[PDB]
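Okay, here's what each chain looks like letter by letter:
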Amino acid sequence: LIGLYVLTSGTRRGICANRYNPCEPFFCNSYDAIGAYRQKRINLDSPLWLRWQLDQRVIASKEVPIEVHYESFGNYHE
Amino acid sequence: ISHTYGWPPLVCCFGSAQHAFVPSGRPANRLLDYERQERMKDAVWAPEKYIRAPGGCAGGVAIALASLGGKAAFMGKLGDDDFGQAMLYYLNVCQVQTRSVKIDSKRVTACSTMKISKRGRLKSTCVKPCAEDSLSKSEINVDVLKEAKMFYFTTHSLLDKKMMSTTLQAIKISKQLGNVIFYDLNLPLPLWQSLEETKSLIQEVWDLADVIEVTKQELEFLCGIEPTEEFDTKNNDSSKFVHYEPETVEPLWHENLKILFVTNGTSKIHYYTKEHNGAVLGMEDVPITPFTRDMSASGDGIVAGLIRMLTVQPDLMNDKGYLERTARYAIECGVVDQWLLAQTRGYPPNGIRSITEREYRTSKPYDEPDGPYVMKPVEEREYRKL
Amino acid sequence: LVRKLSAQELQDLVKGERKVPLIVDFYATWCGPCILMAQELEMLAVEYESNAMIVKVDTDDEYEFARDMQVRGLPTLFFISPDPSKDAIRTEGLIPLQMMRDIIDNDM
Amino acid sequence: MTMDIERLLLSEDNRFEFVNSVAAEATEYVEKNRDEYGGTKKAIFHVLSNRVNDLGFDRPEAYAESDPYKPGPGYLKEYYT
Amino acid sequence: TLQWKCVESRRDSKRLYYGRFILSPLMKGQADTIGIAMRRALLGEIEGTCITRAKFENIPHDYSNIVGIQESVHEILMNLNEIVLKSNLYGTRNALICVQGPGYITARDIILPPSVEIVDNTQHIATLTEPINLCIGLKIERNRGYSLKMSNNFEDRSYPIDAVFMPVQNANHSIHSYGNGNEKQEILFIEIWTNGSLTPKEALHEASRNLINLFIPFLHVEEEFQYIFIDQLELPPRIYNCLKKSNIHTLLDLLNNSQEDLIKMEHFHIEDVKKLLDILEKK
Amino acid sequence: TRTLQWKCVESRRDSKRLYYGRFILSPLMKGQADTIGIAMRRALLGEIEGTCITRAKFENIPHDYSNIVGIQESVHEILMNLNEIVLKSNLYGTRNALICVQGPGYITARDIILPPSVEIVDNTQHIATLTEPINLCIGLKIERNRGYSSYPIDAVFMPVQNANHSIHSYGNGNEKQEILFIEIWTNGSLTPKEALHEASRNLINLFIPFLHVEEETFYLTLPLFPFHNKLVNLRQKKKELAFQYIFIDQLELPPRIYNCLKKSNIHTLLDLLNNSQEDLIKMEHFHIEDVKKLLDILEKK
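Residue numbers count from 1 along every chain, following the sequence as written rather than necessarily the entry numbering; any residue without coordinates is not displayed. Chains carry letters from A onward and ligands carry numbers from 1 onward, assigned in written order. Just a portion of a larger assembly is displayed, and each value is taken over that portion. To obtain the side-chain values, all non-hydrogen atoms of the structure were used and water was disregarded.

As deposited, the entry is annotated with cryo-EM as its determination method and 2.49 Å as its resolution.

If you check the PDB entry, chain F appears there as DNA-directed RNA polymerase subunit alpha from Sinapis alba. Its official PDB title, as written in the record, is "Plastid-encoded RNA polymerase (Integrated model)". UniProt positions are given in the numbering used here, feature names are shortened, and annotations may be inferred rather than shown by experiment. Quoted verbatim from the Subunit (unreviewed entry) heading of the UniProt record, the comment on chain F is "In plastids the minimal PEP RNA polymerase catalytic core is composed of four subunits: alpha, beta, beta', and beta''. When a (nuclear-encoded) sigma factor is associated with the core the holoenzyme is formed, which can initiate transcription." Checking UniProt for chain F, the heading Function (unreviewed entry) contains the comment "DNA-dependent RNA polymerase catalyzes the transcription of DNA into RNA using the four ribonucleoside triphosphates as substrates."

As recorded by the PDB entry, chain A carries the name DNA-directed RNA polymerase subunit beta' and is attributed to Sinapis alba.

Here it is, written out as structure tokens:
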């Protein structure tokens, strides 16, 4: 149970992640991210972005976007 | 059909496919830790006199190159007898391309009919050459030469006058199809006398070569440098491994020569270009047995390493960094090939008898009842007083 | 037994006459395959006890005679017939025993 | 075989009658061919693999498999606990 | 005798090769050491070839999307990150994509430097709707897995691509032990997964050679007063008071300080050094 | 001269049976130091062989827990003293040695009569104390082995007592180079420098088997000869050679066809036969127009 807890305790957040108020790697698939971890390029709890090619099945707080960046050509980032 | 040509580029090795055949052997110095040798003398075999062979035949270089992940084709002729078919089988299993191998039903592999004179001093004057001396110009596989990006050959193919003309024809055709010409000297035993004969014999092929590899002993012989360093002395003094200045090898230079490689075994490899020159230190403390003592496996491994590097980056033939890397890669290939051959062949104890190195390093029990290391009866004891 | 000979001993042995084929094994001490060839030749010498004679010449000692015999490398065997009209056979490299038996019977 | 047993039990109304029927079929195998069972081929394993094959699926006979890398006779594979 | 063999091989796709290998017979404890070393060599010591930088020519206005291209700039970079290559190149070379207009841009459309080859020709790059010309310059490198940062050249609007150099996707080893009485014997299995830029058998060979090259260099050769204290010595007050200033009490500490060190401390003169040596010679 | 160098930076002799050495290797690429360090550590602690006394034979002793008149120590204490004696040898095999002494006095390791292949490391190592002019004859057996194991003596063959390594950054990230240090402690049967060289050689011999040809590559010292003997056997009882030993190189195929078959790893005649006609079309550049000309060559063969 301790091994799973340590494994899934994610990244440090907020004032525990940055000394100062701020006023990460992108991986194409999960195997590239795990391979970078094996080569000691990232740590077990270092945050990363994962390209997701399935449906949106991530358990998360039911919240609206923090920010929407809306380009005048029609693309928007939530 | 150049759209069907793959990577790495094909290399055509031209000449003879012999079995454990050595052209020559010269006294040599190798880098060695002599403190270790004294400590391990009772367990590590060493020759009384260190004599190194330049390498083997064109067939062995093809086999060594195929072992490095290269693409090698062997161009030659074998007889249709059982020995010729066994050698063809050995080349195919080693993944050497043998579509450039001509099988001769009329000639015999590894056998020549000589006419020995019984009048004055003994002479031989070959009459009917062996199968691997009878490749004709009509039998050259031009398709292989079209695909191949490098053409490799050695002096053994210049010894027979009929074989020499075929080698010259193959070289000239390969130059036309834009192949790099790699000339590996490997000077055969008769040529080591009468330097003037050697120069006349190799002069034409020498000027057509883009890359040349010689041993340090061969370079000294062609340059008229009499060996002045010591041999078989327990030190690694730098006079045994001297990097000759470029002007010392300038008389051998010609207009189209790109690189000259000078080998001192896996101990040291020197390189010379028009602009650059240098040397790379190696390692020659490999396991050696009486069956592998001439170090010909290293020479084939070294040349195969040079060929492999030069063919995959052919535009880097003058980059000094790539040349240093190429020389170090050749040293490693020679070391591994020598190391493997000791394991395969083993030690002396087709009736051929060999033992492993574990058996070679196993001592006798010293349990002789008369001997001083066992428990005698109470009669003959001589209890040593303390 | 395989006997070591000089160039003058071999000249006296070739110019003379014999009733069995003569095998001359050019060798050197520094050559690994020549040691393996020595093992094959002593097995052959036992098979053909008196039916043949096997001799060896050190090419380092006799480089003049090795060259005049057109030895181009090592190992090298000469199979010399006792019939003067028959021609000798030069083999190069480590050849299997059956080839030597074939040479001795079929053409020597 | 664990998944196969669960597969067979999905077609059974009562798991206790399934156990009895398998044992009854296994008893018949041993009487029919006594010497073939008790070693590498176990009768109960034969019954289960036969019943999976009767559904149209394919399984090796009695789930029997052997190590192909055994270094000759006398050698036992040793288990790392 | 110790021998190796391939017991399983498979090619699921052009970018998925699997191989299983056996090495036997090994003495106790040898298989673990070989398996550990080979696995580490397979995962980071084998050089792979990857696209490391992309540069969109024609001044595409530095936006997040390009007119005529269905995919955004970032998605093109992600697609380029996934293209499997093999090569023998030394240093770095440039490749180029130059596509006329509508259709599918794939790895087939990359113009490659001499030694570089493409493994899966059908790998997708971009969907082009309008008949626009797209011109992307690429940077191709060959690096080790455990390797490092290539020194930045950051201008001309070349987007970096964080490539993970791993031609070997995965590697594992297991050990079987056998015995007949007192005679033990272990067998080593090695499993290798590659992305098609290399066969599993070829990866096994390169890992062994790279390991051997790491250990050859070790075989290289080269061309050819405690119980005597300052107080018991009849020293002048100035000398003694200065010696305690540096926490020196025993004569071992006095002899553990160089003549240069003795001068550096405050209020010690050259004549003072001589007097100490004169007394030292007297005992 | 060499770019990558190694050197002993410290070599110390703590006692006759405790040697210390520290070595440096630099500059290394990132990750290479970790690979070398763990492999070297495992080889040093687990792959280096030693030699020591494996058993002792006593002349007039009931059991190993008795006492002898004239010896201060007991029989069991003697065996422990024999177990701690450090020997060196490069050769294998069960050797025998002898202790044949007359008291009174101090029996040490220098009183052992050793066979010519074996040497003592520490003369002063204590075996027994004799307080009476008695006769003591003890036979010994000696072996060179790995790991650990008349009266048997529990031999621990390993000569490396401990090892350590550290990895340090060489400097600015030109190529993030690293520096490796290796520390070795031995029992004097070999120096730390010799242990470092033996571990390197042992490691190479563990990795080089993968560079031999795969098992069952050649038909079964000189791998060419068995296939030749097969041909001699085939010549008698005229039988001809099987298609698995015939390679496509010996068929007169056009070069475009040959390159396609080799690209698909079809090497022998039997490999080509097992391929159907649909599979060959699946290969690029090999089409239906090429089947008939290839079939005709095989038809003619």
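## What to know about the side chain of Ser81(C)
Residue and element names in this part refer to chain C. Here a strand is any run of E in DSSP of at least two residues, a helix any run of H or I of at least four, and the numbering for each starts at the N terminus. Turning to its location among the elements, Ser81 is positioned in the loop between β4 (76-80) and β5 (88-92). Between buried and exposed lies partly exposed: a residue is buried under 20% and exposed over 50% of the maximum accessible area for its type, with that area taken using a 1.4 Å probe on protein chains only. Judged by its relative accessible area of 14%, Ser81 falls in the buried class. At a separation of 3.4 Å, a polar atom in the side chain of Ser81 contacts the main-chain amide nitrogen of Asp83. Residue contacts are counted whenever heavy atoms from the two residues lie within 4.5 Å of one another. If we skip the residues at most four places from it in the chain, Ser81 touches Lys86 and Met108. The term polar contact refers here to a pair of N or O atoms within 3.5 Å; inside protein, the definition further demands a hydrogen-donor-capable atom paired with an acceptor-capable atom, and it admits residues adjacent in sequence only when both atoms are side-chain atoms.

## Looking at the pattern of salt bridges
Salt-bridge detection follows one rule: a side-chain nitrogen of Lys or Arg within 4 Å of a carboxyl oxygen of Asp or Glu. Summed over the entire model, instances satisfying the criterion amount to 54 salt bridges over all chains. Linking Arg34(D) and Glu31(D) is a salt bridge whose minimum nitrogen-to-oxygen distance equals 3.7 Å. Among the residues examined, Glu31(D) registers a relative accessible area of 57% and is labelled exposed. Salt bridges sharing common partners tie together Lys77(B), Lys102(B), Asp104(B) and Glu139(B).

## Considering the packing of aromatic side chains
Aromatic ring pairs are defined here through the distance separating the ring centres and the angle between the ring planes. Only the six-membered ring of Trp is used, alongside the rings of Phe and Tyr, when aromatic pairs are assigned; centres must lie within 6.5 Å, and planes under 30 degrees apart are stacked while those over 60 apart are edge-to-face, with the rest tilted. In this structure the tally under the stated criterion is 29 aromatic pairs over all chains. Ring geometry for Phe26(A) versus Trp49(A): centroids 5.9 Å apart, planes at 15°, classification stacked. Of the two residues, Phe26(A) is situated in strand β1 (residues 26-27) and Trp49(A) in strand β2 (residues 49-50); the sequence distance between them amounts to 23 residues. Judged by its relative accessible area of 49%, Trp49(A) falls in the partly exposed class. Through pairs of rings, three or more aromatic residues link up here, namely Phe14(B), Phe151(B), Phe153(B), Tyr183(B) and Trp206(B). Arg26(B) extends its terminal NZ or CZ atom over the ring of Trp192(B), reaching a point 4.0 Å from the ring centre. To sit over a ring, a charge needs its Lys NZ or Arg CZ within 6 Å of the ring centre and within 35 degrees of the ring normal. It is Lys364(B) that lies over the ring of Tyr366(B); its NZ or CZ is 4.5 Å from the centre.

## Some remarks on the sheet that holds strand β12 (residues 168-180) of chain E
Read from one edge of the open sheet, five strands run β1(D)-β12(E)-β13(E)-β2(E)-β1(E), paired in antiparallel fashion. Either end of the sheet is taken by a strand with one partner, and the two such strands are β1 (76-78) of chain D together with β1 (3-13) of chain E. For this sheet, the mean angle separating the axes of adjacent strands, direction not counted, is 25°. Here strand β2 (residues 16-26) of chain E pairs with strand β13 (residues 183-194) of chain E via eight bridges, running antiparallel. For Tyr18(E), the partnering residue across the bridge sits in β13(E) and is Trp193(E). Geometry is summarised by axes, namely lines fitted to C-alpha atoms with helices restricted to the contacting stretch, and by angles between N-to-C directions that run from 0 to 180 degrees. Docked against the sheet, helix α1 (residues 30-44) of chain E engages β2, β12 and β13 of chain E, running at close to 170° with respect to β12(E). Strands are labelled as partners when DSSP assigns at least two bridges between them.

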